[PDB]
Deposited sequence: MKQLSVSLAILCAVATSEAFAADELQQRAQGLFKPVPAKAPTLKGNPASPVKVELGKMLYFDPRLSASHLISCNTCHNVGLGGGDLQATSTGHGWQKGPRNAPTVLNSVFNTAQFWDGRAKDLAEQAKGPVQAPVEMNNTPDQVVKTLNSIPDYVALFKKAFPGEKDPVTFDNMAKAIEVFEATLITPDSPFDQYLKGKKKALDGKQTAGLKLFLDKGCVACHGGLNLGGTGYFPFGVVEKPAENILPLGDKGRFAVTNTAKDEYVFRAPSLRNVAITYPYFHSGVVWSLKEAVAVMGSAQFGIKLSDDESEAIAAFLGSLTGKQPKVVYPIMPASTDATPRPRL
C-alpha cells in the first residue's frame, strides 16, 4: 500500500525543477534577471514611490503579504488576497476569479504604463540596463519589456526540494506517518482533481468559491457563469490566510472548508488535520535573493504622488 500510494502520487504530480523554467517568448540572461530583480523591488513603479512588487509579494514572507487582502495606495484595502510569487511561473490561471467568458500596470500601485516608462527613462542606469537586456532594439524601454524582465526574475523564485518533492523523487520517508495518511486522503477525496500536477493547482478555473454563510463554505457559481482559480497549493502552509478573500487563517480550517458537499466530499476533523499535515510537506526551499541596489533618480524623475 505504501508503494502503491507513492506510485499513485508519481502519476498525478511532478516535482519543482531545480532550475528556472524557460518562458514563452521571453529568454533569460544574467543582466535581464538582474534588471527584473531591480524592477521587482523598485517602489518607483508605484505612484507613491512607496510600494514595490515585493511589498505585496514578499520574497522573505513566503512570496505574499501576510494580509487578508492587500493594502495599496492611500491605505486602500484591495478586494483580493495576494497570491504568492513563489512558483507562480508554473501557473496558467492568471486571475483569482472572473466571468468564464471574460477571462497592464497594477491598479493598487496607481501608475499608468506611460508613467512607469517615463520614470524608467529618467534614470540612465535603467536605460542602459534595458539596452543590455533587450539588445538590438531601438528603444528597449517599454512597459512590455519591463514586464518581461520582471517575469524572468520571477521564474527564478521557485522552491524545489520540499519534502513532498523528495517523496515524489523516491523517498517514502520524506513524508511522516500523518502526512502520508494526509496524502492518501488528498487523493481519495478528490482534492487532486483540482489541485494536481506540477504545482498542485494553478491551472484550472472552477465554478466554486468560498463565501461567508465552520463559518465559511464553498458555494456553486456556475449559474452566475463565474469561476475561481483552484490555487497552487505549493508553500500553502506559509501563504496564509487562505482563499481569494483571505477569510480563513487556519490551514486546517481551509482544508475543512474544502471538504465540501459541493464536491461530494466529507472530512472528519482528523482527516482535515491529516490533510493539513500533508500540505505542510509542500513547503520548498525559499529563494536566495541578493537585495538589489537600485539606481538614483534624476531631476527628470517624477516626484512621489501621495
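- Unmodelled regions of the deposited chain sequence (numbering from residue 1, in sequence order): 1 to 20, 124 to 131, 242 to 252.
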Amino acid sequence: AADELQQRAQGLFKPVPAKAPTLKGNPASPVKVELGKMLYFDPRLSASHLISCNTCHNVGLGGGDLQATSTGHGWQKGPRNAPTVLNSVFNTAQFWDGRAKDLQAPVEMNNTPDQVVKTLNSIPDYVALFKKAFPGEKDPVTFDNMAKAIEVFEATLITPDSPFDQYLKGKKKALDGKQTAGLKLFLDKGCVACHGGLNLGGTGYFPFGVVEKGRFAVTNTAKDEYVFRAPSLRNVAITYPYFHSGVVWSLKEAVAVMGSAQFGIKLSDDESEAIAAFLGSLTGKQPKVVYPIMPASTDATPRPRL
From here on, numbers count along this sequence of modelled residues.
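- In this entry, 262 to 270 has the higher mean Cα B-factor, the comparison being between 234 to 242 and 262 to 270.
- Across the two stretches, 46 to 54 and 30 to 38, the PDB entry reports the greater mean Cα temperature factor for 30 to 38.
- Across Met146, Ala105, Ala181, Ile158, the greatest Cα temperature factor reported in the deposited entry is at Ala105.
- Per the PDB record, residue ranking by Cα B-factor puts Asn199 in the lowest third of the chain.
- The entry lists a Cα temperature factor for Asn87 that places it in the lowest third of the chain's modelled residues.
- Ranked against the other modelled residues of its chain, the C-alpha B-factor of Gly177 as given in the entry falls in the middle third.
- Per the PDB record, residue ranking by Cα B-factor puts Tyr126 in the middle third of the chain.
- When the CA B factors of the chain's modelled residues are split into thirds, the value for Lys101 lands in the highest one.
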